[PDB]
Each structure stands twice: as C-alpha cells, then as structure tokens.
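# Structure at a glance
If you want the building blocks of each chain, they are given just below.
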Amino acid sequence: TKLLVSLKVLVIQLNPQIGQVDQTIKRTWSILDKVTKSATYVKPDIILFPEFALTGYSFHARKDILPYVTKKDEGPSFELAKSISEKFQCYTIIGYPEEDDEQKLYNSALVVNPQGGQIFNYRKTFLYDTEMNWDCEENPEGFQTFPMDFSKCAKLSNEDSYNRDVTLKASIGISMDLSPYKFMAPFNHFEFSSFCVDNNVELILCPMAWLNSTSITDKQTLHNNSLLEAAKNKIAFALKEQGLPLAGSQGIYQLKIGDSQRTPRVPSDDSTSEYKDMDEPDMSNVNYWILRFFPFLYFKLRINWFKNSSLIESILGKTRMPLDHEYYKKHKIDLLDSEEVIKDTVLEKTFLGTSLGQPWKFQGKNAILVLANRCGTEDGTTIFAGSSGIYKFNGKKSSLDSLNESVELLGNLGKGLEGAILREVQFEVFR
C-alpha cells in the first residue's frame with residue numbers, strides 16, 4: 001500500500017558562541033517571530049536545530065562545558081524545545097550537551113512531541129576530536145531509529161487532501177556520524193547512510209556543527225605556535241574582507257520561508273570551498289554530504305556488482321558497528337558455512353547500497369534528509385559551513401555529487417548567516 005505524505009519542515013541555523021546561551025535563546029525567538037510573519041508561512045510539522053545549538057561547540061576542557069550540560073529532560077535546550085513544540089504543535093529536535101545521572105557526558109539531540117513531551121534522546125555515535133577534549137562518551141546503543149507520529153500528513157493516492165495520520169521511521173545522525181569512523185575507517189563503508197538504508201529509515205535528521213575547509217585542522221600546525229599564529233592571521237583576513245567580526249555574523253537573519261527556490265546543482269572545484277558570499281551555500285560541503293549518502297544515490301555500476309556477486313562477502317561480513325566501538329563494550333557468525341538459516345535482517349543488509357536480494361536496495365523508495373548546520377567561527381581557527389538544507393532521495397533510475405538526479409535539492413541557507421528555511425516536502429511511503 002502506497003501512502004502519500006506531506007511534511008512542513010523548518011530548519012533553524014544559528015551561530016551560538018560559548019557563554020551566550022541567553023542571548024542565543026533571544027535571537028531564536030526573534031527568528032521564530034519573523035518566520036510566522038512570512039508572506040508564505042505555514043505551520044511546520046517538525047523543527048530542527050544544529051548540533052549544540054544554544055551553547056557553542058568548541059569546548060577545550062570538561063570544566064568548561066560543565067556549566068552548560070543538562071539532563072535530557074531539564075534545562076534551557078529542553079525548555080526551549082518544549083515551548084516551541086507547544087506553541088507550534090510540532091516536533092522539535094535540538095542538539096545540546098548532556099549529562100546523565102551517572103555523571104557521564106554526551107553530545108546529544110533531544111526530541112519533543114507536539115504535546116511538549118520528550119519522546120527521544122539520541123547520543124552522538126562517532127565522536128570528533130573536540131568531543132575528546134571534555135571526556136565525551138560514544139552512544140553505547142550506536143546508531144538508532146525511532147517512530148514519529150504525524151497528524152494530517154498522509155493520504156492515499158486517490159484522495160484529494162492529506163487527512164490521514166502516519167508513523168514515519170526516523171533516524172538522527174549528529175555531524176561526525178556521517179564520516180568514516182575516526183576518519184580511519186574505509187570511505188566505502190558509509191556507516192550511517194548504510195544503517196539508514198538497512199533499517200528502511202524514511203526521515204533522516206542531522207543536527208551538525210560541520211567545518212568549512214578554510215578551518216585549521218592540520219595537527220602539526222595546531223601544536224606549533226609559530227605555525228598556528230601564522231594560520232590564525234590568515235582567517236582573520238578572510239573574515240575582515242567580508243566585513244564580519246571574527247566570530248562571524250549574528251542577528252542578521254536570512255529567511256527562506258515557504259518559497260520553492262531550489263539549490264543549483266554544481267560540481268566541486270578549487271573555489272566552492274572559499275569562504276565568501278555568506279548568503280550562498282558551501283557547495284563543496286553540500287556535495288560531500290550528499291556523497292556520504294551514497295547508498296541512497298543511483299549508481300550504474302551496481303548492476304555489475306550484483307550480477308557478479310562481488311559484495312556478498314561484504315554484506316555477510318558487515319557488522320552493526322565498528323568492532324572497537326562502545327556498542328560492543330552486545331554480539332556477535334559466518335552464515336555461509338553454518339546450518340543457521342538466513343534471517344530477514346540479513347536480507348535487509350546492504351553494502352555500497354547493494355543487498356543480497358537486489359542491486360540497489362533503495363530503488364523505488366523515498367526518503368527525506370534534513371541537515372541543520374550551524375554558521376559562524378570559534379577560537380579564530382574554526383569556520384562552520386552553515387548551508388542548512390533539505391533533500392529528497394527519490395529512488396528513481398554515475399555522478400557522486402549534486403549533479404546526480406536521484407537526489408533533489410529542495411533548498412539551502414547560506415554558508416554564513418543565521419536564519420531559517422521552510423519547505424513543504426512531498427514523498428511516498430509504504431504501509
């Protein structure tokens with residue numbers, strides 16, 4: 001049974017700085033106010049915030065982040081999310097620094113339903129270097145999914161209005177979750193996007209604090225005060241030439257509420273990573289994010305992989321998480337040479353978007369991807385890429401970037417202004 005769903009999706013893009021929680025909260029209500037005053041405004045069903053949306057991101061020591069951590073159901077981020085959800089009767093997802101009853105620290109994203117109750121709390125699974133500075137934990141559950149009840153979003157193809165309720169299978173991935181494990185794992189694993197395709201996720205939500213490549217990341221530069229000081233001056237110039245303060249733009253809102261302006265498909269060159277034109281997306285990063293969702297993209301060569309059975313050993317050998325991940329600190333199994341039968345979960349597994357049953361497992365399906373990435377700058381070394389956006393994978397049948405027409409670019413914010421974007425997203429599911 002095919003079911004046509006319609007969702008109104010709002011993304012908020014912020015430039016939070018450490019120690020400005022209250023100011024950031026005020027700018028959020030200011031942004032939300034303007035949104036509802038948009039000419040083409042419609043009530044969102046879901047609102048998504050960036051990774052560490054109110055607190056800032058670049059904490060260098062545990063004692064520095066302690067003043068901003070909270071329990072999953074208390075504190076400024078939860079209260080903000082609860083109020084938003086109640087005033088808009090929507091789901092609200094926001095990233096915050098979390099502490100549990102055992103005094104353990106996580107990088108987290110909480111989910112609030114329209115009733116204003118917390119229905120979920122996801123924890124970052126793949127950590128980035130910054131998280132290691134304050135003893136952050138890996139999500140012991142690894143990648144997760146959860147249901148989201150939407151009212152008046154669904155309809156049969158025969159019907160003329162969206163007057164049905166639908167439970168979507170959702171997944172949250174926080175920034176580094178999209179990367180290869182520790183940047184050491186093979187690129188072709190595509191852990192998170194594979195997990196989403198395997199579990200038939202329909203709604204993919206990514207709070208992010210993702211870097212523009214102009215940032216300083218070379219480890220020898222950071223630890224050579226001569227090289228580091230020289231590297232910092234380079235970034236200072238870049239921001240000054242844009243007429244912006246070192247921390248980046250705040251309080252000047254770019255709003256794309258209800259329009260259907262799509263983002264232009266563009267290849268990456270030695271200029272798409274330049275930090276310029278703050279109202280334009282970082283297309284180097286946009287192409288890269290799309291690439292990390294390879295298993296959702298049409299790829300011609302999958303027909304050969306399947307006919308020749310080139311990936312059966314990979315599909316069968318594939319584990320749920322990386323062996324050394326916190327997840328196993330659960331089990332395990334060579335089904336090829338055993339007497340155990342092939343379970344359904346094995347026939348759902350994929351590698352490079354191929355399953356045991358078919359060349360391209362996602363073919364003919366739909367899925368929505370919401371990326372909420374922060375903007376701005378921290379420590380005079382780090383430039384976040386902004387470019388929050390909404391995407392649709394259509395499953396319709398060579399290019400590994402935005403040129404590939406199996407993904408639709410429904411809109412993006414600019415690489416460096418606080419703002420919001422709303423889109424009516426239409427897609428189909430099966431029930």
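This entry, as listed in the PDB, derives from X-ray crystallography and reports a resolution of 2.500 Å.

## A few points about the overall build of the protein chain
Along its length, the protein chain carries 11 helices and 17 strands. Taken over the C-alpha trace, the protein chain has a radius of gyration of 21 Å; the compact-globule value for 431 residues is 22 Å, and the two agree within 12%. Taken along its principal axes, the extent of the C-alpha atoms in the protein chain is 60 × 55 × 50 Å.

## Side note on the nonpolar core
If you look at the biggest cluster of nonpolar residues, it comprises 68 residues, and the most contacted ones within it are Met148 and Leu203. The contacts of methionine 148, once residues within four sequence positions are left out, are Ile46, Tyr91, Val111, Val166, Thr167, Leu168, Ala170, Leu203 and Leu205.

## Some words on the pairing of strand β3 (residues 91-99)
Most of β3 is tucked away: 8 of the 9 residues are buried. Two strands pair when backbone bridges link them, and strand β2 (residues 46-48) and β3 are joined in this way by 3 bridges, in the parallel orientation. Bridge pairing in β3 links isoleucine 46 to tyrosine 91. Pairing of β3 with strand β4 (residues 105-112) involves 8 bridges; the strand directions are antiparallel. Bridge assignment links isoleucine 94 to a residue of β4, and that residue is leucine 110.

## Some points on the packing of aromatic side chains
What describes a pair of aromatic rings is the distance from one ring centre to the other and the angle between the planes of the rings. With the rule as written, the count across this model stands at 26 aromatic pairs. A ring pair is formed by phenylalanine 296 and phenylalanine 393, whose centres lie 5.0 Å apart and whose planes are at 25°; its orientation type is stacked. Their ring planes at 40° and their centres at 5.7 Å tell us that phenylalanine 299 and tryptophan 305 sit as a pair that is tilted. Grouping residues by exposure puts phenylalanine 299 and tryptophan 305 together as buried. Sitting over the ring of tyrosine 106, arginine 123 keeps its end group 3.9 Å from the ring centre. Taking NZ or CZ as reference, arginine 302 lies 4.7 Å from the ring centre of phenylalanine 294, over its face.

## Re the UniProt feature "binding site: L-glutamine 2" (unreviewed entry) in the protein chain
Those residues carrying the UniProt feature "binding site: L-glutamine 2" (unreviewed entry) are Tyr57, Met176 and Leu211 in this numbering. Across 155 residues of sequence, these annotated residues stay compact in space, with a maximum C-alpha separation of 13.2 Å. Residues that both appear in the annotated list above and line the second largest pocket are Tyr57, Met176 and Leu211. Relative to the helices and strands, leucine 211 resides in the loop between β8 (203-208) and α6 (219-222). Ignoring sequence-local partners within four residues, the contact set of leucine 211 consists of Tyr128, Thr217, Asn285, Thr382, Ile383, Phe384 and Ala385.

## Let's talk about the layout of surface pockets
Summary: where empty space remains is shown by rolling a probe the size of a single water molecule over the atoms. Approximately 900 Å³ is the volume found for the second largest pocket. In terms of lining, the second largest pocket is formed by 33 residues, of which the most central are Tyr128, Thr130, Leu211, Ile216 and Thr217. Broken down by secondary-structure element, the contributors of at least two residues to the lining of the second largest pocket are α4 (129-132), α6 and α8 (283-291). With 3 residues, α8 is the largest single contributor of residues to the lining of the second largest pocket. In the lining of the second largest pocket, the residues fall into 12 nonpolar, 16 polar and 5 charged.

How each quantity is defined
- Note on numbering: positions run from 1 along each chain as its sequence is written and may not match the entry's numbering; residues without coordinates are not listed.
- With hydrogens and water stripped out, all remaining heavy atoms of the structure feed into the side-chain values.
- Residues with missing side-chain atoms are left out of burial classes, side-chain pairs and their counts.
- Comment: elements are numbered from the N terminus, with helices defined as DSSP H or I runs of at least four residues and strands as E runs of at least two.
- The reference for a compact globule is 2.2 Å times residues^0.38; the radius of gyration itself is calculated from the C-alpha atoms.
- In these notes, a set of buried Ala, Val, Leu, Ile, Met, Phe, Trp, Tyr and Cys residues joined through side-chain atoms within 4.5 Å is what counts as a nonpolar core.
- The rule is simple: take the accessible area with a 1.4 Å probe, protein chains only, and divide by the maximum for that residue type; under 20% is buried, over 50% is exposed, in between is partly exposed.
- Residues are treated as being in contact if the distance between any of their heavy atoms lies within 4.5 Å.
- A strand pair is defined by DSSP finding two or more bridges across the two strands.
- Ring pairs are drawn from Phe, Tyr and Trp, using the six-membered ring of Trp, whenever the two centres fall within 6.5 Å, and their geometry is named by plane angle: stacked under 30 degrees, edge-to-face over 60, tilted for the rest.
- Charge-over-ring contacts are defined here by two conditions on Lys NZ or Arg CZ: a distance within 6 Å of the ring centre and an angle within 35 degrees of the ring normal.
- UniProt positions are given in the numbering used here, feature names are shortened, and annotations may be inferred rather than shown by experiment.
- Grid spacing is 1 Å over the protein atoms alone, the probe is 1.4 Å, and a cavity is where that probe fits but cannot get out, while a pocket is an open set with protein on both sides within 12 Å along at least five of seven lines and lining residues have an atom within 4 Å of a point.
- Grid points are joined across faces, edges and corners, and a volume is the space filled by probe spheres set on the points.
- Classification used: nonpolar for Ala, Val, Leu, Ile, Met, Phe, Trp, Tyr, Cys and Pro, charged for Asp, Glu, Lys and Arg, polar for all others including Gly.

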